[PDB]
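For reference, the structure discussed in these notes is given below.
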Amino acid sequence: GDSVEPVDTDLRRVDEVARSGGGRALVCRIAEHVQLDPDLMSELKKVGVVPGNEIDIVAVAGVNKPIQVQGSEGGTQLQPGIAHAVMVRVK
Amino acid sequence: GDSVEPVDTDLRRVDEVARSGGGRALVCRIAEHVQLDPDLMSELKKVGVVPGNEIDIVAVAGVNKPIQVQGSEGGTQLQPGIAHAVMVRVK
Amino acid sequence: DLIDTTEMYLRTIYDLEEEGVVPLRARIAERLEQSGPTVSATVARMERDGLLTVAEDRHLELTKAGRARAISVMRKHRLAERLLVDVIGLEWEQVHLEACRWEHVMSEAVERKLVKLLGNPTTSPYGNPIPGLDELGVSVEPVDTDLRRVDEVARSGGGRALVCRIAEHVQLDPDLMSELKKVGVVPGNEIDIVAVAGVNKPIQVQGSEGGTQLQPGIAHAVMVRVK
Amino acid sequence: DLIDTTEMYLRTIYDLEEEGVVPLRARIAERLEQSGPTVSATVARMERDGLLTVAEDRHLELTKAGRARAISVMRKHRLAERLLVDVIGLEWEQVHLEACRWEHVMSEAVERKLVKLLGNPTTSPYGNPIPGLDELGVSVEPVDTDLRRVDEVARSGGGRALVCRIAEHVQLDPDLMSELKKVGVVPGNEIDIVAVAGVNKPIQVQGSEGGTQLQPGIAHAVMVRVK
Amino acid sequence: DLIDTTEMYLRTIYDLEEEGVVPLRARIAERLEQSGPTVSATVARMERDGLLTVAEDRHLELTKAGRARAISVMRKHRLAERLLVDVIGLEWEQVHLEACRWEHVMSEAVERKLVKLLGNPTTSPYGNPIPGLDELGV
Amino acid sequence: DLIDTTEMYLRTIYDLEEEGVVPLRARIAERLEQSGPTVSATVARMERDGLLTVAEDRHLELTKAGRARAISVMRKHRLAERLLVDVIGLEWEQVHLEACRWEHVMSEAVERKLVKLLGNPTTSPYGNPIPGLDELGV
DNA sequence: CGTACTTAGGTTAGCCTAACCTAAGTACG
DNA sequence: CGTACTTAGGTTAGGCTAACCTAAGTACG
Ligand SMILES: [Co+2]
Ligand SMILES: [Co+2]
Ligand SMILES: [Co+2]
Ligand SMILES: [Co+2]
Ligand SMILES: [Co+2]
Ligand SMILES: [Co+2]
Ligand SMILES: [Co+2]
Ligand SMILES: [Co+2]
C-alpha cells in the first residue's frame, strides 16, 4: 500500500522535516485532508506548493506551531495537521 | 365433517322440506349466516324456533318466495337464504 | 401482534402511571418492542385523534377521551383475567397474555355479565385494582398510600412485607411468573426483602417455598405492605 | 438505489411529459419499482416542499421550482451521457444507468466545463434534446412537430422512417439496447415499421442488420421522422 | 372491524360449505360487506400464502393448511358461544357477534380448559357441530 | 451531503491511515462534522455489517471487506480527480469536492475506461498513489 | 343483461432501517 | 481536566405490506 506505507522510504512529512531542521525538498503528495480547504489549495497553487515543485521548509520547534515553507512564487504558513498531510523527498 | 356433510343423513334444509311439501320437523342447526341478524334471532327465540323444538314447515312453491313456519309460541316468515341455512329432522 | 395498536399504546401509558414511571415514547418502544420512528408516528396519529398530548418535557399526557378509553381497555383486561383464573381455570402464568388479546374484543355487554358472574370483583388475580366499574353501572376504594415498591423497601433497609400487586410489566414474562409462583411471591403471601445499597442492583427476596432474584425494573413493579 | 429520491421523481415526471404520457403516481411506482403508498408519501413530501402539485384528475404538475430542478437534473444526465460516449468511450448500452447516478452529483461548475469540452452539445447520444443550457450561460430549437411515435406510425399503416429519439424509458433495459444496436435501430439510421391493427400489439421493425419486436410502451418511446 | 381479515375469509368460506352454497368471492363481498376488488386482492394474498386456490369454475378451494386454520377459528367460535350462553349468560341473539370477535384471540390452551368446563360439548348453542376437537386432543 | 455515509466513513478511515493518524471515532466526527453519538451509532452499524472492528485501544480496524470497499472508493476518487484536471479542466482547488461526490456513483466499467483514457495513471493530480488498480485488472 | 370479476389508481394504518441531532452523563491518562 | 465515548430520547427521509375504497372496464351463460 504505497498510499499508506510509501514504497519510497525517503518520503517524509513537512512537519517531520521542519522539526528535523528544515531543508530543500520536492513536493510529492498532498493528502485528501489538505484538499478539503479550497482557499488553502488556491494559496498552495499561487506560491507554487504543488506536486513536482522544489520547496524550502523553515526549521521549527514546538508542536501546535505553524510551519513556514518557501515555494518558487513566495512562501506561506501551514498548520501542524496540514504540514503532517504533505509528504516530500529532501534534496 | 358432520358440520359440512351431516352424519345424520335425515337432516334436511327448511326450504328443501317446504318445497318437498312441508312437514313437522325438529330444529337441529341454525347456521352462522342466520345468527348475523340479531332482530331475527330475537324473533326466532320468541316464536320458539330454537334447536330441540318441533316446528311445522308450510309447503311452498317457487324459490325467491319466503317460507312460513309454525313454532310453539306462534309462526314467522323466513327468507330463502335463511330457510336454506336452518337444518331439521322430519318426524 | 397487538390486535389493536391504539388500545395497547393507551394501556401501556396507563401501566407506566400505575408503576410510577414517566410515560415517554422510549418506554412504549421497549415495552411493545417497536422502533422509535414507529412509536412517534403512532403517538402523533393518537395526538391528531385527540387521545393524548406530548408535553414540553416530552412525557405523554392522556386526554379525557384517552383516559376513558385506557380505563375501558384495562377494565376488560382484568375482568378477562378474573374470568380466566376463577371460572375457566387457565394456568396463572398464561392468563395475562390471553387477557392482553381479549381486552380488545370484549363488549361492555359481556363486561356487565362478567361483573354479575364474578360477584362484582374490584381487583385482578395479580392484585391490581379494576377501574371504570362506575362506567359499567356497578364500593369504597382501598387507601393504597401504605403500599411501597420492593426495590424502594430494599434500598430503605429491606424487611418483611405482604405481596399486594404484581404489575402488568411483570406478567409479560411467563417463565418468571412460574418462578414467582413456585417460591411463593404471589398476592397475599408474606416475603422477606433483603437490604441492598445503590440503584439498578438485583433485589434478593425469600418466599415461603425458597427465594429468587428480581431485576430493578421488576422489583419496581411489585408492590407490598411492610409489617 | 436512486441516490436522490426527489431528483429521480422530478426527472421521471419530466420523462413521462417527453413520452406524451399522463404523469400519474401509478407511473412512478412502476418506473422506479416502488409501492403505491411509498410514491404518495414521497410526492406529498415534494408537494409540501413546493416542487409539484397533485391536480383534481390526479396528474402531477411541476411548480416553477420543480421544473427548474427537473431540467437541472436532466441537463446533468444528458451531458454525462455525452461525456461517457464521446470522451470516456463507455459501451452504448451501459451509459444511461451510469448517467442516471452521475446526474445527482454533478455541479454546474463541471457542466460548464463539459459544455466547452463537448463543443456545446444540444442532444444526448440517444437523440434527446439537452434542456436548461440557458441557465448554464451557453441555438435555434428544432421543430420536432414532424416527429411521430413508432407505435402510432405502425397503427397508421407503417412505412420507412429515420430513428431520431430513444427515450429514457427504453434506455433502462440494457439487453434491449444491445438488441437495438445489433440490428441497427439507433439515432440517424433508417428503419421499416411494419403495419399492425389494434392498440397494445408488439410492433415489428426492420433495421439495416436485421429486424426485432418492440412492446407497445417501448414503440411509444421511440420517435422517428417518416420519409 | 373483522379483527383478523384472513381468519374471517376462511370461516366465511367454511360457513358457505356448511350452508351447501358455492363459495365464490361474490359471496364473501356480500357477507363481509367489502368491494369486489378488495375480496379478489385479499383472496389472491391468501392464495399466495397457500391457504386456498381459485378453481377453473372459480369456486374457492381451501388447502390442507387453509381448512386446518378455518376449523381452528370455527372451533374457537362455537366454544366461545357455549361459554357465553351456558356460563356468562349473554343474551341468545348477541352471542354470535361477540363469539365472531373472540374466535380470533382464543388460544388452544383456553379451548382445552373450556372443553373440560363445558363437559366436552359437540355442538354450539345453535346446534352447529364443533369441528376439530380431534386437533385439541379431546 | 455525504451521498453515501458508509463509503465516506471507510474513505475517512483510509485518509487517516495515509496521514499516519490513529483512526478514532473522534477523528471522523471532526472530519465529517457529525456528533459523537452519530459516529458511534454509524460505526456500530458498519461493525455489525462486518466492514470494521473497534480494537481494545478503540482505534478503528477495517476488515478484509472494509479495506476492499475503502480502496474501491479511493480508487474511484483519484481517477475522477485525474479526469476532472487532465480532460474536463475543472479548477485545481474545486476538483477534490467534485471527486468526493463522484467516487460514490462511478462503476468499475467506467474506471477501466478512464485507466485507458488517462494512460494508466498511478497517482492523483495531488501526487497521492491510486490504490486497487490490481482489482480493476490494470 | 345481469352476475362475477378484472383493470387501474388511489387511500390509511402500522411496521421497518439509515442517518442525522442534543443534553447529560461515564472513563481515563 | 480535557479527550473520547456512552446513555438516553428524540428527529426526518424513505422504504415496506395489509387492507380498505371507487370508477370503469371485460367475460359469459
Ligand atoms: Co394483566
Ligand atoms: Co393487549
Ligand atoms: Co439516459
Ligand atoms: Co437518477
Ligand atoms: Co356463531
Ligand atoms: Co370473526
Ligand atoms: Co481528493
Ligand atoms: Co465522498
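In what follows, every heavy atom counts, from backbone to side chain, and hydrogens, waters and symmetry copies are set aside. Lettering of chains follows the sequences in order, A, B, ..., and the numbering in each one begins at 1.
Nearest heavy atoms, A:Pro80 versus A:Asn64: CG-CA, 3.8 Å.
Atom pair C:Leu32:CG and G:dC16:P shows a separation of 10 Å (rounding to whole Å applied). In this structure, D:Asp4 atom CG and H:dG15 atom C1' are separated by 15 Å, rounded to whole Å. Rounded to an integer number of Å, the gap from CD1 of E:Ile28 to P of G:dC5 is 9 Å. As rounded to whole Å, 14 Å separates atom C1' of G:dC5 from atom CD of E:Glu47. Rounded to an integer number of Å, the gap from E:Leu2 CG to G:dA13 P is 17 Å. In this structure, F:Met46 places its CE atom 13 Å from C1' of G:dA18, rounding to the nearest Å. One atom, CD of D:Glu56, and another, P of H:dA23, lie 16 Å apart when rounded to the nearest Å. As rounded to whole Å, 15 Å separates atom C1' of G:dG9 from atom CG of D:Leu16.
The phosphate of G:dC20 (OP1 or OP2) has a side-chain N or O of F:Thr5 nearer than 4.0 angstrom. Side-chain nitrogen and oxygen atoms of E:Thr38 include none within less than 4.0 Å of the OP1 or OP2 phosphate oxygen of H:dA19. At the phosphate of G:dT17, neither OP1 nor OP2 sits under 4.0 Å from any side-chain N or O atom of F:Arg48. For the pair E:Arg58 and G:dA4, the criterion of a side-chain N or O lying under 4.0 Å from OP1 or OP2 is not met. Within the structure, a side-chain polar atom (N or O) of E:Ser35 is placed less than 4.0 Å from OP1 or OP2 of H:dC21. OP1 or OP2 of H:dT3 has not a single side-chain nitrogen or oxygen of F:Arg25 nearer than 4.0 Å. OP1 or OP2 of G:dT11 lies within a sub-4.0 Å distance of a side-chain N or O belonging to D:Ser40. The side chain of D:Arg45 places an N or O atom within less than 4.0 Å of a non-bridging phosphate oxygen (OP1 or OP2) of H:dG14.
Along DNA chain H, the nucleotide nearest C:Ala26 and the nucleotide nearest F:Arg27 are compared for position; the residue whose nucleotide lies closer to the 5' end is F:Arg27. Two residues, E:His59 and D:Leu24, neighbour DNA chain G, and the one matched to the more 5' nucleotide by heavy-atom proximity is E:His59. In terms of position on DNA chain G, the residue among E:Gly36 and D:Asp57 whose nearest nucleotide sits closer to the 5' end is E:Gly36. Between D:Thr42 and E:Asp1, the one whose closest nucleotide on DNA chain H sits nearer the 5' end is D:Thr42.
Checked by atom type and distance alone, the side chain of E:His59 never pairs as donor or acceptor with a backbone atom of E:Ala55 at under 3.5 Å. Without hydrogens or angle criteria, C:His220 side chain to C:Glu19 main chain gives a donor-acceptor distance under 3.5 Å. Remark: the backbone N or O of F:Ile28 is not paired with any side-chain donor or acceptor of F:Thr12 at under 3.5 angstrom. Proximity of a side-chain donor or acceptor of E:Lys76 to a complementary backbone N or O of E:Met106 within less than 3.5 Å is detected.
The torsion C1'-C2'-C3'-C4' is the criterion here, and for H:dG15 it is positive, giving a north pucker. Judged by the sign of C1'-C2'-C3'-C4', the furanose ring of H:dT11 adopts a north, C3'-endo-like conformation.
Under 3.5 Å, the side chains of D:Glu168 and D:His77 contain a donor-acceptor pair of N or O atoms. For the residue pair C:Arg69 and C:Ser72, no side-chain donor N or O sits within less than 3.5 Å of a side-chain acceptor on the partner.
Under a cut-off of 6.0 angstrom, the local environment of CG in D:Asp57 is crowded, with over 12 non-hydrogen atoms contributed by other residues, nucleotides or ligands.
Of the candidate nucleotides G:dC15, H:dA13, H:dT17, H:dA13 has the atom nearest to the side chain of C:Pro37.
Counting any heavy atom pair closer than 4.0 Å across all strands shown, E:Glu33 reaches sugar-phosphate atoms only and no base atom.
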Pairing annotation in dot-bracket form, given for DNA chain H with Watson-Crick or G-U pairs under 3.5 Å and | for cross-strand partners:
|||.|||||||||||||||||||||||||
